[PDB]
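Report on the structure given below.
Labels below follow one simple rule: chain letters A, B, ... track the order of the sequence lines, proteins then strands, and each chain is numbered from 1.
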There are 2 protein chains.
Amino acid sequence: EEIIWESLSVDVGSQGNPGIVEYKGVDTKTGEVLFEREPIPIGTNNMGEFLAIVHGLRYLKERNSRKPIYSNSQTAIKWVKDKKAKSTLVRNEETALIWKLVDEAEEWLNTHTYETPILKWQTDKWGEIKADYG
Amino acid sequence: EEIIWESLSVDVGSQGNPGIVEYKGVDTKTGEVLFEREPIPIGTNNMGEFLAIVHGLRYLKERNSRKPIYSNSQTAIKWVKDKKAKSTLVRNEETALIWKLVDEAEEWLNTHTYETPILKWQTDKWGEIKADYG
DNA sequence: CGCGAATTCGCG
DNA sequence: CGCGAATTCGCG
């Protein structure tokens with residue numbers, strides 16, 4: 001607002017929602033793929049992007065980066081700030097993996113500090129988030 | 001739609017919300033007070049109107065009435081149909097009374113049948129619900 | 001299509 | 001003012 005080009009953009013990829021979910025973190029300016037999560041059979045868009053932002057936080061923290069993270073998801077950003085992923089997705093055998101990851105990402109947020117700013121990507125003005133799965 | 005005048009209208013009365021709540025059931029056409037609940041120190045508008053509709057159901061069922069009930073509350077009507085009062089109000093010592101009543105009204109709905117239609121009062125067209133506490 | 005936040009609605 | 005449903009929003 002305007003744009004920190006030297007940043008990490010995190011994206012979620014969803015077929016049906018709920019359904020197969022994956023995510024990745026990319027360099028905002030170049031589009032270089034910095035990390036990617038192999039598809040999880042059942043999750044939601046919001047769960048996936050929550051995990052993406054937390055994966056981003058961890059990736060930047062261990063590399064001592066001052067870089068911010070951009071997400072186009074009001075929801076995932078709010079969940080990260082709250083340290084709580086308020087998903088409606090049922091907890092059952094089929095959803096146990098995503099919920100395990102989510103519960104662990106929440107635990108990470110509850111037990112760590114980070115300086116990374118988490119910024120909203122303004123799709124209407126800046127086009128789509130870098131490397132959007134679309 | 002239009003109006004069954006021979007009916008029971010149930011109303012909730014609220015100061016602050018949450019705060020002191022009361023309710024009553026009145027004859028729609030005349031305004032005669034058919035039952036009234038003395039003020040409960042802490043509740044919400046929606047909890048109070050839920051209890052009002054269930055009190056109405058019980059009052060009509062035991063008098064073998066075919067009369068419908070009108071409520072202006074989308075929320076309380078939906079909760080009665082679902083047999084579940086989805087209130088956000090915290091459960092603590094101060095709210096224990098209203099929550100006790102609500103939990104018991106839910107149990108009543110889970111263990112009884114009734115033929116009473118529960119109809120939406122159209123305030124925009126028919127003016128305010130009969131004897132509105134306003 | 002669905003997921004959830006934000007916003008709008010009707011109410012006392 | 002707050003309570004919650006319904007609706008609108010942005011997203012993949």
Indicate yes or no: at least one non-hydrogen side-chain atom of [X] is less than 4.5 angstrom from one of [Y].
X	Y	result
B:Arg37	B:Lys24	no
B:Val54	B:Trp108	yes
A:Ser73	A:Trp79	no
A:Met47	A:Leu51	no
A:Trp126	A:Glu1	yes

Knowing that exactly one of A:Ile42, A:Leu89, A:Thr44 qualifies, which makes a side-chain contact (heavy atoms from CB on, under 4.5 Å) with A:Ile98?
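In the set A:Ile42, A:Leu89, A:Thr44, the residue that makes a side-chain contact (heavy atoms from CB on, under 4.5 Å) with A:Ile98 is A:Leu89.
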Give, ordered by number, those residues of residues 27-45 of chain B having at least one heavy-atom distance below 4.0 Å to an atom of DNA chain D; if nothing qualifies, reply none.
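By residue number: B:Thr44, B:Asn45.
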Check DNA chain D against residues 117-134 of chain B and give the residues with a non-hydrogen atom under 4.0 Å, in numerical order.
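Output list: empty, so none.
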Hydrophobic clustering (ILVMFWY, side-chain heavy atoms < 4.5 Å, transitive) - are A:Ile129 and A:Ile53 grouped together?
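No, separate clusters.
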Is there a continuous path of hydrophobic side-chain contacts, each under 4.5 Å between heavy atoms, that joins A:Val26 to A:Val10?
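In one cluster with A:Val26: A:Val10, no.
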Where at least one partner belongs to residues 55-64 of chain A, residue pairs that pass side-chain hydrogen bond (donor to acceptor under 3.5 Å, both in side chains), sequence neighbours excluded:
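The answer is A:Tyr23-A:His55.
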For B:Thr75 and B:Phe50, run side chain to side chain contact (heavy atoms under 4.5 Å, CB included): C-alpha distance rounded to whole Å, both residues' side-chain angles, the deciding distance at 0.1 Å, then the answer.
CA-CA 8 Å; B:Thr75 297; B:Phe50 175 77; over 6 Å; no
Whether the A:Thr28 and A:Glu6 side chains hold a donor-acceptor pair (N or O, under 3.5 Å, no angle test) is what I'd like checked.
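Short answer, no.
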Could you verify whether a donor N or O on one side chain and an acceptor N or O on the other, from A:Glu49 and A:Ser71, lie under 3.5 Å apart?
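Side chains of A:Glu49 and A:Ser71: pair found under 3.5 Å.
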What's A:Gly16 touching, base or sugar-phosphate or nothing? Going by heavy atoms closer than 4.0 Å.
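Here A:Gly16 touches no strand at all.
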Sugar-phosphate, base or nothing in reach of B:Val12, heavy atoms under 4.0 Å
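The residue B:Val12 makes sugar-phosphate contact but no base contact.
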On DNA chain C, reading 5' to 3', which nucleotide is the first and which the last to sit with an atom under 4.0 Å from a heavy atom of chain B, could you check?
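In short, chain B contacts DNA chain C from C:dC11 to C:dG12.
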If we fit an axis to the first five pairs and another to the last five of the helix from C:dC1-D:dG12 to C:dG12-D:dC1, what angle do they make, to the nearest 10°?
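Rounded value for the end-axis angle: 30°.
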From B:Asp27 atom CG to B:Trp5 atom CH2, the distance as rounded to the nearest 0.5 Å
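The distance works out to 10.5 Å.
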Among residues 80-108 of chain B, which contact DNA chain C at a heavy-atom distance under 4.0 Å?
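None - not one residue of the stretch has a heavy atom sitting under 4.0 Å from the strand.
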Salt bridge (charged side-chain N to carboxylate O under 4.0 Å, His left out) between B:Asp103 and B:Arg91, worked out:
CA-CA 12 Å; B:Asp103 291 346; B:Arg91 299 184 174 255; 2.9 Å; yes
For the pair A:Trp121 and A:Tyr70, name the ring-plane relationship: parallel under 30°, tilted 30 to 60°, perpendicular over 60°.
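Because their plane-to-plane angle is over 60°, the rings of A:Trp121 and A:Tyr70 count as perpendicular.
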